[PDB]
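Enquirer: To be precise about what I am sending: the file is called target34.cif and holds mmCIF, C-alpha atoms and all ligand atoms; chains and numbers go by the auth columns.
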data_work
loop_
_atom_site.group_PDB
_atom_site.id
_atom_site.type_symbol
_atom_site.label_atom_id
_atom_site.label_comp_id
_atom_site.label_asym_id
_atom_site.label_seq_id
_atom_site.Cartn_x
_atom_site.Cartn_y
_atom_site.Cartn_z
_atom_site.B_iso_or_equiv
_atom_site.auth_seq_id
_atom_site.auth_asym_id
ATOM 1 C CA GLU A 1 45.780 -20.770 -21.513 0.00 3 A
ATOM 2 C CA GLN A 2 48.885 -20.015 -23.593 0.00 4 A
ATOM 3 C CA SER A 3 51.032 -16.913 -24.108 0.00 5 A
ATOM 4 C CA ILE A 4 50.898 -15.996 -27.807 0.00 6 A
ATOM 5 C CA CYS A 5 53.208 -12.985 -27.575 0.00 7 A
ATOM 6 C CA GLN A 6 55.248 -11.002 -25.064 0.00 8 A
ATOM 7 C CA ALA A 7 57.030 -7.688 -25.044 0.00 9 A
ATOM 8 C CA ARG A 8 58.789 -5.424 -22.563 0.00 10 A
ATOM 9 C CA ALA A 9 56.933 -2.238 -21.669 0.00 11 A
ATOM 10 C CA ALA A 10 56.394 0.237 -18.860 0.00 12 A
ATOM 11 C CA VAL A 11 52.693 -0.149 -18.128 0.00 13 A
ATOM 12 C CA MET A 12 50.821 3.111 -17.555 0.00 14 A
ATOM 13 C CA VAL A 13 47.235 4.137 -16.766 0.00 15 A
ATOM 14 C CA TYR A 14 45.676 7.510 -17.369 0.00 16 A
ATOM 15 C CA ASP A 15 44.646 9.638 -14.419 0.00 17 A
ATOM 16 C CA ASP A 16 41.901 11.627 -16.046 0.00 18 A
ATOM 17 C CA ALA A 17 41.262 13.828 -13.009 0.00 19 A
ATOM 18 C CA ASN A 18 44.801 15.237 -13.295 0.00 20 A
ATOM 19 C CA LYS A 19 45.239 14.651 -17.052 0.00 21 A
ATOM 20 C CA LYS A 20 48.402 12.644 -16.452 0.00 22 A
ATOM 21 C CA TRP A 21 49.796 9.164 -16.953 0.00 23 A
ATOM 22 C CA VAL A 22 50.849 7.226 -13.872 0.00 24 A
ATOM 23 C CA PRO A 23 52.633 3.881 -13.500 0.00 25 A
ATOM 24 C CA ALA A 24 50.321 0.899 -13.289 0.00 26 A
ATOM 25 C CA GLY A 25 50.556 -0.712 -9.872 0.00 27 A
ATOM 26 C CA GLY A 26 52.248 2.309 -8.321 0.00 28 A
ATOM 27 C CA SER A 27 55.908 2.319 -9.393 0.00 29 A
ATOM 28 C CA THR A 28 57.610 3.010 -12.680 0.00 30 A
ATOM 29 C CA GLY A 29 59.517 0.259 -14.437 0.00 31 A
ATOM 30 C CA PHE A 30 59.468 -2.350 -17.159 0.00 32 A
ATOM 31 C CA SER A 31 57.112 -5.306 -17.148 0.00 33 A
ATOM 32 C CA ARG A 32 56.851 -8.379 -19.311 0.00 34 A
ATOM 33 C CA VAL A 33 53.508 -7.941 -21.065 0.00 35 A
ATOM 34 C CA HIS A 34 51.839 -11.002 -22.588 0.00 36 A
ATOM 35 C CA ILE A 35 48.763 -11.673 -24.636 0.00 37 A
ATOM 36 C CA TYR A 36 47.230 -14.916 -23.409 0.00 38 A
ATOM 37 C CA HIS A 37 44.743 -17.037 -25.356 0.00 39 A
ATOM 38 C CA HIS A 38 42.265 -19.325 -23.583 0.00 40 A
ATOM 39 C CA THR A 39 40.885 -22.173 -25.676 0.00 41 A
ATOM 40 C CA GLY A 40 37.274 -23.315 -25.392 0.00 42 A
ATOM 41 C CA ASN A 41 35.677 -19.880 -25.265 0.00 43 A
ATOM 42 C CA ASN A 42 38.319 -18.332 -27.520 0.00 44 A
ATOM 43 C CA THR A 43 39.229 -15.416 -25.242 0.00 45 A
ATOM 44 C CA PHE A 44 42.336 -13.221 -25.085 0.00 46 A
ATOM 45 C CA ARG A 45 43.755 -11.077 -22.296 0.00 47 A
ATOM 46 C CA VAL A 46 46.749 -8.843 -21.619 0.00 48 A
ATOM 47 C CA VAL A 47 48.708 -9.773 -18.493 0.00 49 A
ATOM 48 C CA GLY A 48 51.792 -7.896 -17.384 0.00 50 A
ATOM 49 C CA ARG A 49 54.223 -8.487 -14.526 0.00 51 A
ATOM 50 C CA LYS A 50 56.978 -6.214 -13.270 0.00 52 A
ATOM 51 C CA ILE A 51 60.363 -7.671 -14.112 0.00 53 A
ATOM 52 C CA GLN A 52 61.783 -6.641 -10.726 0.00 54 A
ATOM 53 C CA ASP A 53 59.270 -8.167 -8.318 0.00 55 A
ATOM 54 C CA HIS A 54 56.655 -9.920 -10.469 0.00 56 A
ATOM 55 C CA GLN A 55 53.870 -7.548 -9.414 0.00 57 A
ATOM 56 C CA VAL A 56 50.879 -8.004 -11.689 0.00 58 A
ATOM 57 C CA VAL A 57 50.324 -4.489 -13.039 0.00 59 A
ATOM 58 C CA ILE A 58 47.755 -5.249 -15.770 0.00 60 A
ATOM 59 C CA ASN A 59 45.234 -8.048 -16.286 0.00 61 A
ATOM 60 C CA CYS A 60 42.512 -7.076 -18.707 0.00 62 A
ATOM 61 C CA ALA A 61 40.306 -8.757 -21.244 0.00 63 A
ATOM 62 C CA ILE A 62 40.557 -8.132 -24.981 0.00 64 A
ATOM 63 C CA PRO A 63 36.960 -7.898 -26.234 0.00 65 A
ATOM 64 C CA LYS A 64 35.958 -8.220 -29.851 0.00 66 A
ATOM 65 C CA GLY A 65 36.201 -4.843 -31.539 0.00 67 A
ATOM 66 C CA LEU A 66 38.709 -3.358 -29.063 0.00 68 A
ATOM 67 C CA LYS A 67 40.255 -0.220 -30.538 0.00 69 A
ATOM 68 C CA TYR A 68 44.034 -0.439 -30.136 0.00 70 A
ATOM 69 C CA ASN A 69 45.698 2.946 -30.755 0.00 71 A
ATOM 70 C CA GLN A 70 49.357 3.177 -31.886 0.00 72 A
ATOM 71 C CA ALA A 71 49.827 6.723 -30.596 0.00 73 A
ATOM 72 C CA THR A 72 53.587 6.723 -31.253 0.00 74 A
ATOM 73 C CA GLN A 73 56.172 4.247 -32.449 0.00 75 A
ATOM 74 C CA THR A 74 56.656 3.007 -28.884 0.00 76 A
ATOM 75 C CA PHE A 75 53.542 4.084 -26.935 0.00 77 A
ATOM 76 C CA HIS A 76 50.305 2.209 -27.632 0.00 78 A
ATOM 77 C CA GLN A 77 47.031 2.475 -25.753 0.00 79 A
ATOM 78 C CA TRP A 78 43.468 1.191 -25.361 0.00 80 A
ATOM 79 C CA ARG A 79 40.602 1.721 -22.932 0.00 81 A
ATOM 80 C CA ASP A 80 37.824 0.147 -20.973 0.00 82 A
ATOM 81 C CA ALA A 81 34.968 1.777 -19.062 0.00 83 A
ATOM 82 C CA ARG A 82 37.115 2.241 -15.942 0.00 84 A
ATOM 83 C CA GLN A 83 40.520 3.315 -17.292 0.00 85 A
ATOM 84 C CA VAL A 84 42.875 3.868 -20.206 0.00 86 A
ATOM 85 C CA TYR A 85 45.941 1.634 -20.481 0.00 87 A
ATOM 86 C CA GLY A 86 49.229 2.607 -22.042 0.00 88 A
ATOM 87 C CA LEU A 87 52.297 0.548 -22.967 0.00 89 A
ATOM 88 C CA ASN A 88 55.612 2.456 -23.195 0.00 90 A
ATOM 89 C CA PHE A 89 57.675 -0.145 -25.036 0.00 91 A
ATOM 90 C CA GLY A 90 61.418 -0.561 -24.713 0.00 92 A
ATOM 91 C CA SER A 91 61.845 -0.516 -28.491 0.00 93 A
ATOM 92 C CA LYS A 92 59.981 -0.050 -31.732 0.00 94 A
ATOM 93 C CA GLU A 93 60.531 -3.720 -32.489 0.00 95 A
ATOM 94 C CA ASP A 94 58.850 -4.719 -29.179 0.00 96 A
ATOM 95 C CA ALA A 95 55.949 -2.380 -29.998 0.00 97 A
ATOM 96 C CA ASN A 96 55.505 -3.734 -33.536 0.00 98 A
ATOM 97 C CA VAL A 97 55.536 -7.347 -32.323 0.00 99 A
ATOM 98 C CA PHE A 98 52.922 -6.658 -29.665 0.00 100 A
ATOM 99 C CA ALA A 99 50.742 -4.605 -31.984 0.00 101 A
ATOM 100 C CA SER A 100 50.774 -7.254 -34.695 0.00 102 A
ATOM 101 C CA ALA A 101 49.822 -9.957 -32.192 0.00 103 A
ATOM 102 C CA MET A 102 47.013 -7.760 -30.855 0.00 104 A
ATOM 103 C CA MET A 103 45.647 -7.004 -34.330 0.00 105 A
ATOM 104 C CA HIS A 104 45.758 -10.663 -35.318 0.00 106 A
ATOM 105 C CA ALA A 105 44.015 -11.572 -32.057 0.00 107 A
ATOM 106 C CA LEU A 106 41.238 -9.095 -32.910 0.00 108 A
ATOM 107 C CA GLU A 107 40.847 -10.965 -36.209 0.00 109 A
ATOM 108 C CA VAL A 108 40.416 -14.330 -34.439 0.00 110 A
ATOM 109 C CA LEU A 109 37.768 -13.037 -31.981 0.00 111 A
ATOM 110 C CA UNK B 1 42.115 8.355 -26.574 0.00 206 B
ATOM 111 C CA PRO B 2 44.120 10.787 -24.386 0.00 207 B
ATOM 112 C CA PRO B 3 47.455 12.009 -25.517 0.00 208 B
ATOM 113 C CA UNK B 4 50.750 10.573 -24.428 0.00 209 B
HETATM 114 BR BR BR C . 39.185 -21.556 -29.150 0.00 1 C
#
Here is the file; what I need is its structure written in the form of structure tokens.
Expert:
Amino acid sequence: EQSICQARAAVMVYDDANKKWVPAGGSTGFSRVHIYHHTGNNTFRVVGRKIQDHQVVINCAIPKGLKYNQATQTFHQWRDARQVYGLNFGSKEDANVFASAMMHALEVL
Amino acid sequence: XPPX
């Protein structure tokens, strides 16, 4: 497994019951968010760790056909059956780098 | 997707 891209972002999940975003893992702050590629089965996943204490706040697969939504210039999002993930990037450049890596990953799947 |  190899990191193909990384960006700084505050990782959020959507609390549908209350119609609100909450910090992934319980506390607000920036994480280093990677896309990892695993050879052999050709899989990708997003893995993010809090800069402060290395808490893993996101670890989710990227399936073929995932719909990655660039809601704003610095907030991007996607879903699975259980929850909706959001990345609040530290800059538009961080967001564009991550998005381009994600979209190219979806082309390799 | 939900809004921000
Ligand atoms: Br492969």
Enquirer: When the PyMOL selection byres (((not hetatm)) within 7 of (chain C and resi 1)) is applied to the structure above, which residues does it catch, written out as an NGL selection string?
Expert: :A and (40-44)
Enquirer: May I have the residues at most 12 Å from (45.6, 12.6, -24.2) in the file's coordinates, counting only C-alpha atoms, as a VMD selection string?
Expert: (chain A and resid 15 to 18 20 to 23 71 73 77 to 80 86 to 88) or (chain B and resid 206 to 209)
Enquirer: Which protein, DNA or RNA residues are at most 7 Å from (52.2, -9.6, -27.2) in the file's coordinates when you count only C-alpha atoms, listed as a ChimeraX atom specification?
Expert: /A:6-9,35-37,99-100,103-104
Enquirer: Can you spit out the residues from that selection as a compact mmCIF listing (two decimals), in the frame of the given file, using C-alpha atoms?
Expert:
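Listed below is the output, result25.txt:
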# COMPACT_ATOMS: atom_id res chain seq x y z
CA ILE A 6 50.90 -16.00 -27.81
CA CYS A 7 53.21 -12.98 -27.58
CA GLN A 8 55.25 -11.00 -25.06
CA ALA A 9 57.03 -7.69 -25.04
CA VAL A 35 53.51 -7.94 -21.06
CA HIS A 36 51.84 -11.00 -22.59
CA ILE A 37 48.76 -11.67 -24.64
CA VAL A 99 55.54 -7.35 -32.32
CA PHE A 100 52.92 -6.66 -29.66
CA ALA A 103 49.82 -9.96 -32.19
CA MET A 104 47.01 -7.76 -30.86
Enquirer: Hey, what comes out of the PyMOL selection byres (((chain A and resi 10) around 10) and not hetatm) on this file? Could you write it as a list in words?
Expert: residues 8, 9, 11, 12, 13, 31, 32, 33, 34, 35, 36, 50, 51, 52, 53, 89, 90, 91, 92, 93, 96, 97 and 100 of chain A
Enquirer: May I ask which of the residues A:26, A:63, A:101, A:58 is the closest one to residue 75 of chain A, counting all atoms listed in the file?
Expert: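 Using all atoms listed in the file, residue 75 of chain A sits closest to A:101.
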Enquirer: In Å, rounded to a single decimal, give me how far atom CA of residue 38 of chain A is from atom CA of residue 66 of chain A.
Expert: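 Atom CA of residue 38 of chain A lies 14.6 Å from atom CA of residue 66 of chain A.
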Enquirer: For a test of reading the model, state the distance in Å between atom CA of residue 69 of chain A and atom CA of residue 81 of chain A, rounded to one decimal.
Expert: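 Spanning atom CA of residue 69 of chain A to atom CA of residue 81 of chain A is a straight-line distance of 7.9 Å.
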Enquirer: Could you work out how far atom CA of residue 72 of chain A lies from atom CA of residue 107 of chain A, giving the answer in Å with one decimal?
Expert: 15.7 Å
Enquirer: Taking into account only C-alpha atoms, which residue in the set A:94, A:3, A:106, A:85 is nearest to chain B?
Expert: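 Of all the options, A:85 lies closest to chain B.
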